[PDB]
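Enquirer: Please read through the structure below; I'll follow up with questions.
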Amino acid sequence: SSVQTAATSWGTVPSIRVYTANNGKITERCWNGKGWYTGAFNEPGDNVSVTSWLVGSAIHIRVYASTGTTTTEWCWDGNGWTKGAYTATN
Amino acid sequence: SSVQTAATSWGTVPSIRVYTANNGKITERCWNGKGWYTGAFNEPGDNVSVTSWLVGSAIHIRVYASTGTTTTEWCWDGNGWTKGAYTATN
Amino acid sequence: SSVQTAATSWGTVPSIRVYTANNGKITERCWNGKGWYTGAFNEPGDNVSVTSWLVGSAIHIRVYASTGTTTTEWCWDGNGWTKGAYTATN
Ligand SMILES: OC[C@@]1(O)OC[C@@H](O)[C@@H](O)[C@@H]1O
Ligand SMILES: OC[C@@]1(O)OC[C@@H](O)[C@@H](O)[C@@H]1O
Ligand SMILES: OC[C@@]1(O)OC[C@@H](O)[C@@H](O)[C@@H]1O
Ligand SMILES: OC[C@@]1(O)OC[C@@H](O)[C@@H](O)[C@@H]1O
Ligand SMILES: OC[C@@]1(O)OC[C@@H](O)[C@@H](O)[C@@H]1O
Ligand SMILES: OC[C@@]1(O)OC[C@@H](O)[C@@H](O)[C@@H]1O
């Protein structure tokens, strides 16, 4: 009966990304040090998790969006979201 | 029908914080290397997520507490919890 | 009505671990840079969260598995999963 969130952060400013699953859709709010704003992530899902890592100064984000028993991985690597290779079996 | 948790950690000892949403309330358990104990975080919420980052040796924690469609951000920056600026729109 | 996931990552390749709670059981999918595969974690739980940290190059993972109001901590420290000391009270 409530939305479900997932959060990641990087750097020292820092950058924060908060993903919210709400009525089957996942959206993204962003902080880069001076105000929250809406990010470019908008994908179907009833459940979300997230992890991220740096390579040097370059951020890489992985968002795991689940509907039913199907989890779709979404990838940010500095220049657009792409579908990742994650599968739950095989 | 089960509680919902979120976890973060920092350092090498390490420090761990585990947040549990239970019957609309979020509480905090803490590990600083030698035993679990109850933390000072106690706020309403049906869902919780968390992220944290270091600036030097200084930890900063952000806990996202959601009830219905409203997410409240709680901030630890070394000396007490404060409400953060996060909003889901505007 | 959907599975619930939790994700962690470490290093630069990176390593990713994704935990899925599905019908009361938590399983693990792994990425070490070249293909997803099934990990050795398989434990009861309706809800999962995870955190991890490095000591030097050595990864340490903590998975928090909850059923009802009982959260069990599972520990990876390079050579097998063990039950952790976490308790929600006392
Ligand atoms: O500056 C915001 C942004 O570009 O940051 C990286 C990702 O979080 C994107 O979805 C997002 O739109
Ligand atoms: O470059 C994207 C990718 O290779 O990154 C590592 C993992 O997240 C993979 O599933 C994903 O396809
Ligand atoms: O030592 C425990 C503590 O001070 O650590 C930082 C935050 O997790 C606080 O809520 C918590 O009470
Ligand atoms: O100092 C607190 C604060 O500015 O930290 C960064 C973000 O978490 C903000 O929403 C929050 O208000
Ligand atoms: O290489 C996979 C593996 O050994 O990595 C560390 C842990 O995630 C284990 O459960 C997992 O089987
Ligand atoms: O070595 C395992 C252990 O001591 O690691 C730190 C915490 O996760 C504890 O609950 C856990 O028992």
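As shown in the structure tokens, the chain order sets the letters A, B, ...; within each chain, residues go from 1, and ligands are also counted from 1 in the order they appear.
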Taking only C-alpha atoms and all ligand atoms into account, which residues are within 7 Å of ligand 6, as a PyMOL selection string?
Expert: (chain B and resi 31+33) or (chain C and resi 62+73+75+83-86)
Enquirer: Using the selection just defined, write its residues with N, CA, C and O atoms as an mmCIF file, in the first residue's frame.
Expert:
data_model
loop_
_atom_site.group_PDB
_atom_site.id
_atom_site.type_symbol
_atom_site.label_atom_id
_atom_site.label_comp_id
_atom_site.auth_asym_id
_atom_site.auth_seq_id
_atom_site.Cartn_x
_atom_site.Cartn_y
_atom_site.Cartn_z
ATOM 1 N N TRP B 31 26.067 -1.807 14.047
ATOM 2 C CA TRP B 31 27.272 -2.564 14.347
ATOM 3 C C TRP B 31 28.457 -1.639 14.141
ATOM 4 O O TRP B 31 28.584 -1.034 13.075
ATOM 5 N N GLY B 33 31.605 -2.927 15.163
ATOM 6 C CA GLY B 33 32.705 -3.863 15.289
ATOM 7 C C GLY B 33 32.615 -4.834 16.443
ATOM 8 O O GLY B 33 33.384 -5.805 16.468
ATOM 9 N N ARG C 62 27.154 -8.938 3.501
ATOM 10 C CA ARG C 62 26.154 -9.226 4.519
ATOM 11 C C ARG C 62 24.779 -9.177 3.865
ATOM 12 O O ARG C 62 24.394 -8.149 3.297
ATOM 13 N N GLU C 73 20.978 -12.673 9.460
ATOM 14 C CA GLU C 73 22.118 -12.149 8.718
ATOM 15 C C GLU C 73 22.984 -13.301 8.233
ATOM 16 O O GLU C 73 23.303 -14.211 9.007
ATOM 17 N N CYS C 75 26.668 -14.117 6.095
ATOM 18 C CA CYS C 75 27.968 -13.468 5.960
ATOM 19 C C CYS C 75 28.841 -14.195 4.952
ATOM 20 O O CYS C 75 29.093 -15.395 5.099
ATOM 21 N N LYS C 83 26.245 -17.850 9.383
ATOM 22 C CA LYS C 83 25.238 -17.037 10.046
ATOM 23 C C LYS C 83 25.904 -15.962 10.889
ATOM 24 O O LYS C 83 26.810 -16.245 11.684
ATOM 25 N N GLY C 84 25.439 -14.724 10.724
ATOM 26 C CA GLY C 84 25.962 -13.612 11.483
ATOM 27 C C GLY C 84 25.269 -13.403 12.815
ATOM 28 O O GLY C 84 24.242 -14.009 13.130
ATOM 29 N N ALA C 85 25.839 -12.487 13.587
ATOM 30 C CA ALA C 85 25.378 -12.195 14.936
ATOM 31 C C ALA C 85 24.162 -11.284 14.999
ATOM 32 O O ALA C 85 23.650 -11.059 16.099
ATOM 33 N N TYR C 86 23.695 -10.741 13.875
ATOM 34 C CA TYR C 86 22.602 -9.775 13.910
ATOM 35 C C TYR C 86 21.389 -10.323 14.650
ATOM 36 O O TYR C 86 20.958 -11.453 14.407
#
Enquirer: Looking only at the backbone, which of the residues in stretch 25-73 of chain A does DSSP tag as strand (DSSP E or B), as a PyMOL selection string?
Expert: chain A and resi 25-31+36-44+47-55+58-67+70-73
Enquirer: Dump as a list in words the residues of chain A that approach chain B to within 7 Å, counting only C-alpha atoms.
Expert: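 Written out as asked, the residues are residues 1, 2, 3, 4, 5, 6, 7, 8, 9, 12, 29 and 36 of chain A.
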Enquirer: Using only C-alpha atoms and all ligand atoms, find each residue with an atom at most 7 Å away from ligand 3 and format the answer as a list in words.
Expert: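 After applying the 7 Å limit, what remains is residues 17, 28, 30, 38, 39, 40, 41, 76 and 78 of chain B.
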Enquirer: With N, CA, C and O atoms kept, could you save the residues just selected as a short mmCIF file (atom, residue, chain, number, x, y, z; two decimals), in the first residue's frame?
Expert:
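Final output, result-v6.cif:
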data_model
loop_
_atom_site.label_atom_id
_atom_site.label_comp_id
_atom_site.auth_asym_id
_atom_site.auth_seq_id
_atom_site.Cartn_x
_atom_site.Cartn_y
_atom_site.Cartn_z
N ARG B 17 24.71 -0.35 9.32
CA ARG B 17 23.41 0.08 9.82
C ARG B 17 22.34 -0.68 9.05
O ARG B 17 22.39 -0.72 7.81
N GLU B 28 16.37 1.20 13.67
CA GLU B 28 17.76 1.07 13.22
C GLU B 28 18.55 0.20 14.19
O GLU B 28 18.50 0.42 15.40
N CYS B 30 22.63 -1.23 14.76
CA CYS B 30 23.96 -0.72 14.47
C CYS B 30 25.03 -1.72 14.87
O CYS B 30 24.94 -2.36 15.92
N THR B 38 20.89 -0.70 19.37
CA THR B 38 19.80 0.05 18.76
C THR B 38 20.24 1.49 18.53
O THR B 38 20.79 2.14 19.42
N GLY B 39 20.00 1.97 17.30
CA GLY B 39 20.36 3.33 16.96
C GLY B 39 19.25 4.32 17.25
O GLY B 39 18.13 3.96 17.60
N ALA B 40 19.58 5.59 17.06
CA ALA B 40 18.69 6.71 17.35
C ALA B 40 17.64 6.97 16.28
O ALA B 40 16.78 7.83 16.49
N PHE B 41 17.67 6.27 15.14
CA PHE B 41 16.66 6.49 14.10
C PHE B 41 15.35 5.77 14.45
O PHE B 41 15.33 4.54 14.62
N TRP B 76 21.81 11.80 8.19
CA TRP B 76 22.79 11.75 9.27
C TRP B 76 24.10 12.31 8.74
O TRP B 76 24.62 11.83 7.73
N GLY B 78 26.78 13.10 11.14
CA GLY B 78 27.73 13.02 12.23
C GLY B 78 27.22 13.53 13.56
O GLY B 78 27.84 13.24 14.58
#
Enquirer: Counting only C-alpha atoms and all ligand atoms, which residues of chain C sit at most 9 Å from some atom of ligand 2, and what is each one's closest atom pair with its distance in Å to one decimal, listed by chain and rising residue number, as JSON lines?
Expert:
{"residue": "C:13", "atom": "CA", "partner": "ligand 2", "partner_atom_place_in_ligand_line": "6 (C)", "distance": 8.1}
{"residue": "C:14", "atom": "CA", "partner": "ligand 2", "partner_atom_place_in_ligand_line": "6 (C)", "distance": 7.2}
{"residue": "C:15", "atom": "CA", "partner": "ligand 2", "partner_atom_place_in_ligand_line": "6 (C)", "distance": 8.4}
{"residue": "C:16", "atom": "CA", "partner": "ligand 2", "partner_atom_place_in_ligand_line": "8 (O)", "distance": 7.2}
{"residue": "C:31", "atom": "CA", "partner": "ligand 2", "partner_atom_place_in_ligand_line": "7 (C)", "distance": 6.6}
{"residue": "C:32", "atom": "CA", "partner": "ligand 2", "partner_atom_place_in_ligand_line": "6 (C)", "distance": 8.4}
{"residue": "C:33", "atom": "CA", "partner": "ligand 2", "partner_atom_place_in_ligand_line": "6 (C)", "distance": 6.5}
{"residue": "C:34", "atom": "CA", "partner": "ligand 2", "partner_atom_place_in_ligand_line": "4 (O)", "distance": 7.6}
{"residue": "C:35", "atom": "CA", "partner": "ligand 2", "partner_atom_place_in_ligand_line": "10 (O)", "distance": 7.2}
{"residue": "C:36", "atom": "CA", "partner": "ligand 2", "partner_atom_place_in_ligand_line": "10 (O)", "distance": 7.1}
Enquirer: Just how far from atom CA of residue B:77 is atom CA of residue B:59, in Å to one decimal?
Expert: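 Separation between atom CA of residue B:59 and atom CA of residue B:77: 6.4 Å.
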